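Residue strings, one per chain:
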Amino acid sequence: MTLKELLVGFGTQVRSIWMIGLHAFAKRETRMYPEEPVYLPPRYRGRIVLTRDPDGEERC
Amino acid sequence: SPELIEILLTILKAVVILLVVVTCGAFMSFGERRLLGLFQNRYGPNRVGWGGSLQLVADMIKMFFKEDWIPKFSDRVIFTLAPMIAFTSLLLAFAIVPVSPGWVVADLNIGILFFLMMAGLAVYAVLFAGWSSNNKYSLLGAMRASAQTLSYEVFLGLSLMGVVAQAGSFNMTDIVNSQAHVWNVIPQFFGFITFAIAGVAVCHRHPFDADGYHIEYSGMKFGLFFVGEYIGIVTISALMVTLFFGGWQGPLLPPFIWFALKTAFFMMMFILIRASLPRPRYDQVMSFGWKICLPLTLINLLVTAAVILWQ
Amino acid sequence: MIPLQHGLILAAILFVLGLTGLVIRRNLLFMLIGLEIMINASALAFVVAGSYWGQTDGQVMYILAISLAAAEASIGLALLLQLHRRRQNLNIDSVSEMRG
Amino acid sequence: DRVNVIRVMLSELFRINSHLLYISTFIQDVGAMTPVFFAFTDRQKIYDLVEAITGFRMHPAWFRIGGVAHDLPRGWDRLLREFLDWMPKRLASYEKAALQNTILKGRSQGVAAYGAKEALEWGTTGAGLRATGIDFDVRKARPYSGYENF
Amino acid sequence: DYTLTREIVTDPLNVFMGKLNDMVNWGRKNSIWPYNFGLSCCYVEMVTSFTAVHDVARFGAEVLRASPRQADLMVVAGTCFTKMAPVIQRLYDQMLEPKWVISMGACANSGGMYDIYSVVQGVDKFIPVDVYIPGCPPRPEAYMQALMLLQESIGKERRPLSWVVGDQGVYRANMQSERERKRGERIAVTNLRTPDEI
Amino acid sequence: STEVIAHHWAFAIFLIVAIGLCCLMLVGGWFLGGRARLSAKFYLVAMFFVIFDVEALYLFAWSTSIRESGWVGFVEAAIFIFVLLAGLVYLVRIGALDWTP
Ligand SMILES: CCCCCCCCCCCCCCCCCC(=O)OC[C@H](COP(=O)(O)OCCN)OC(=O)CCCCCCCCCCCCCCCCC
Ligand SMILES: CCCCCCCCCCCCCCCCCC(=O)OC[C@H](COP(=O)(O)OCCN)OC(=O)CCCCCCCCCCCCCCCCC
Ligand SMILES: CCCCCCCCCCCCCCCCCCCC
Ligand code: SF4
């Protein structure tokens, strides 16, 4: 292949090494389940329950 | 007698070196996991023990107590023999490394030649694992990996011949005594880079790694393959420090400390290269091994010879 | 401490073993293997002779011998691949058309 | 009109999610493994907004005959602002780290190429058809759900 | 309580042998290598759990294997289509002991919403399952929770130490159901956040 | 001597401990736990590796004694490496060293 292509490709590889090393120097984005509890929005569709009215009787 | 205690002390030094190298290979399989986590904006295994230190023992126990399995219509001796080669070849190649003044296993007259012998024997692990599995896909993958390995082993020796040409001997202690003023990373920079690529490629590391030839392996044989891979990484990094970075030489710290930091530096760079680089295609890899690196090593040796004969 | 006669006899043993393997085998691959055995035995004999006299010439002849062995193994395996492509069998007795 | 804008925003959020998955999966298929980790972090930002709005991540089932299941929750705009400030730097980093790498270009350029005639005769739509030069997008040719207002 | 396979029995468990069996179980539970197997959307959430924002590698369970021989855990994450069921059975048979199964999602659990002509109604029709995850899809942290449940199940089981010495039976602990374990705290919930806010 | 035989003993112990460790590792793996047509390009690449490996051995022997061979040795190694690169160029230009056509 062309020597210019080889030099440009070597530069791109060096750039990739540099960005991944800088990403190593960055801050972690990991949410530490189960030590860190998962934040769920209020309308999250998880476990189904049956509720009660304010008088204490079951609403169903 | 002083001779007997000197012999036993040297034997104890060799056994200590061997145990530390095997432990370094396994513990830096775990360290590769942790460093991949660190490079990938995550943590890696940090739960099994204090900081994940017992995760490796868990892996070792899991592979020890797995059901041993060999394919039925397959060869048994060749299948069992391939992981032994993949472990033993580079583990034995470590034996020439000078770690510090007074700590060497074999101060051979050949040295570097013994490393070349071990790599040449090391290709048989891939070939044997591919043939013995009685799988067409694994056989084809192993032939591909072996062709790549030969494509880079063909210039590994010359990439080191630059350093031997400067030092005038095959011995390792004389090579590190030839670095008392200038390390070979500066004059043998082409030799430095070509030995880096060759050492990565003969170890089947990223980015140098028809299905794979390890699919039929399981249990403790898979563990042999992987631990032999990381042991080879330790050996290649130590060879790199010995040849191009002065070995034990340093201004302030004790020599073993300097050797340890440089070896750890190059193993960290090994894992960083795994994390960062993308994997090229097959034909591009063989063409970069043959067309670029082999004439580069030949020209590097020629220019090195002309330079050293100039003075 | 090592006799020269013992090294020469070891080389002769390996040479005649390679010759026997060359003759008795119908498969061309084992014929090539026996040829490699014989040439390695000859190179070993040259190493023994050079080491007895304390000369480099034995190892130099060893280098020339293994260069020849590499070239001959390359050519022979190319010919064996050609035979397996054309005739789909490695029986050397079937390659016998010219006679008289 | 508010139904149209809500459905358009949800569809564009999920389109960004799918495209991030596709680009990261392509980069992983080439041989680079770290952009899939970062693209899944961006997918987690999108999933934070989608979880806030619909209460689910992957299969919201939130559109309805005649509208959507609920009104937008209070504070959705802050999460949308956070995602819109987070995304472009990450996308530029993805391009510079993987998409401009010459190894990826050698693996990708010229591979499995077809023109406009082959795309038309096989019913190819989407990015392949537009990559053949044919300017046919449903959101412009046959507009729906208030896409003409954007 | 325990279940025997080669029957409901008691705990069979010397003081060195018990400690070393505990070390075997600890090594097995802290080194779980899942099998790479993409069926449907549940696999997308499973590989989401593998990524950096969740980092299931912290538990030592990130080593994804393309070969069933090197995989200890099979995560059936997706619908069991009738054409894919012999493939799943063959992949499960190709695995080696000890092998564990996690059903991920309603499709793998029971067939889910696809009670249809071309779908097998749950992977436990033909493959034993140790941990079930409800959800469609379960979120990645639910997969991590099922992983922890699998570790608790593994750490309480008794397996043959060697194939030449000792009892070769496999003992699986009949653990308490998670529903009855969490019924104390789940029923006591009174007020939740209103869905109007964020 | 004393140091050379100490190093011989250390090297032999290194050999046997490494081999025994690998064999014991596989023995313990077998013990523990309970039970239940290729193209000619491969030949060409391996053949090229063999030929250039022998030529590399010649350069190995050259490189050790540069300052004992003078400029004549450099000249002879220069014709050697010129024929080396001529063969390499010959292989590259005809398609021998290309995996794909
Ligand atoms: C020093 C500390 C660390 C030491 C550890 C070891 C380091 C080395 C690790 C291994 C490096 C492997 C390099 C693999 C090279 C593969 C070459 C290749 O595939 O080239 C083909 C590619 C595209 O070619 P093209 O013809 O365009 O494609 C066909 C078109 N459809 O063409 C190209 O991409 C052209 C450029 C090819 C590569 C040039 C050399 C790259 C060297 C690796 C990067 C080093 C980065 C810096 C490292 C730290 C330095 C301090
Ligand atoms: C599966 C098993 C396969 C076989 C494994 C090995 C079997 C034998 C095991 C026991 C070996 C015991 C050690 C032998 C002696 C070691 C010391 C020695 O060789 O000393 C001689 C020489 C010294 O020279 P030097 O010190 O440089 O100069 C001063 C001279 N007094 O130094 C030398 O000559 C050094 C050069 C020779 C070193 C050879 C080391 C072993 C090489 C074979 C490795 C095989 C790898 C596995 C198979 C690969 C795939 C087939
Ligand atoms: C990856 C590196 C593996 C190295 C294995 C060998 C370790 C040998 C340790 C020797 C320690 C003592 C060295 C001589 C004394 C100089 C240093 C004194 C302070 C430690
Ligand atoms: S359970 Fe739901 S999310 Fe999982 S595979 Fe089935 S349809 Fe997809």
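This entry, as listed in the PDB, derives from cryo-EM and reports a resolution of 2.4 Å.

The PDB entry annotates chain D as NADH-quinone oxidoreductase subunit C/D originating from Escherichia coli BL21(DE3). Its official PDB title, as written in the record, is "Complex I from E. coli, DDM/LMNG-purified, Apo, Open state".

In the annotation of the PDB entry, chain A is listed under the name NADH-quinone oxidoreductase subunit I and assigned to Escherichia coli BL21(DE3).

**Here we look at the sheet that holds strand β4 (residues 100-104) of chain E**
Residue and element names in this part refer to chain E. Read across the sheet, 3 strands follow the order β3-β4-β5 without closing on themselves; strand pairing throughout is parallel. In this open sheet, the two edge strands, each paired with only one partner strand, are β3 (73-77) and β5 (131-133). Sheet twist, expressed as the mean angle between neighbouring strand axes with direction ignored, is 15°. Bridge count between β4 and β5: 3 bridges; the pairing is parallel. Along β5, the bridge assignment pairs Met104 with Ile133. Here helix α2 (residues 41-49) sits on the sheet and contacts β3 and β4; the angle it forms with β3, its principal contact strand, is near 130°. Where helix α5 (residues 140-155) meets the sheet, it contacts β3, β4 and β5, and its direction lies at approximately 165° from that of β5.

**Details of the site of ligand 3**
Residues and elements named next belong to chain B. Near ligand 3, the surroundings consist of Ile17, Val20, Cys24, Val99, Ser100, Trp103, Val234, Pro254, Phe256 and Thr263. Protein chains shield 72% of the accessible area of ligand 3, which is 590 Å² for the free molecule. Elements that contribute at least two residues to the shell around ligand 3 include exactly α1 (2-39) and α9 (255-276). Here the shell around ligand 3 takes 3 residues from α1, the largest share from any one element.

**Considering the interface of chain D and chain A**
Facing the 26 residues of chain D at the interface are 15 residues of chain A. Approximately 1,700 Å² of surface area, both sides summed, lies buried where chain D meets chain A, with 48% of it carried by carbon and sulfur atoms. Scanning the region where chain D abuts chain A turns up 2 salt bridges. Note that A:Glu29 and D:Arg90 form a salt bridge whose closest N and O atoms lie 3.8 Å from each other.

**Considering the nonpolar core**
In terms of nonpolar packing, the biggest core is built from 110 residues, with B:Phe115, B:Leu158, B:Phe195, B:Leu243, B:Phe244 and B:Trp290 touching the most fellow members. Per-element accounting of this core gives the leading share, 14 residues, to helix α8 (residues 220-244) of chain B. Apart from the residues within four sequence positions on either side, B:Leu243 is in contact with B:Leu160, B:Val163, B:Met172, B:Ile175, B:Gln179, B:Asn184 and B:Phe195. If you look at the next biggest cluster of nonpolar residues, it comprises 30 residues, including D:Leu21, E:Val56, E:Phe59 and E:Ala142.

Rules behind the numbers
Residues numbered from 1 in each chain as written, not as in the entry; some residues may be left out. Chains lettered and ligands numbered in written order. Part of a larger assembly, values for the part shown. Heavy atoms only, no water. Residues with missing side-chain atoms left out of burial classes, pairs and counts. Pairing = 2+ DSSP bridges. Helix = DSSP H or I, 4+ residues; strand = E, 2+ residues; numbered from the N terminus. Axes fitted to C-alpha atoms, helices over the stretch in contact; angles between N-to-C directions. Contact = heavy atoms within 4.5 Å. Near = heavy atom within 4 Å. Areas by Shrake-Rupley, 256 points an atom, 1.4 Å probe, with all protein chains shown as cover. Buried area = accessible area lost by both parts, 1.4 Å probe. Salt bridge = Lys/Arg side-chain N within 4 Å of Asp/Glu carboxyl O. Core = buried A, V, L, I, M, F, W, Y, C linked by side-chain atoms within 4.5 Å. Buried < 20%, exposed > 50% of the residue type's maximum accessible area, 1.4 Å probe, protein only.

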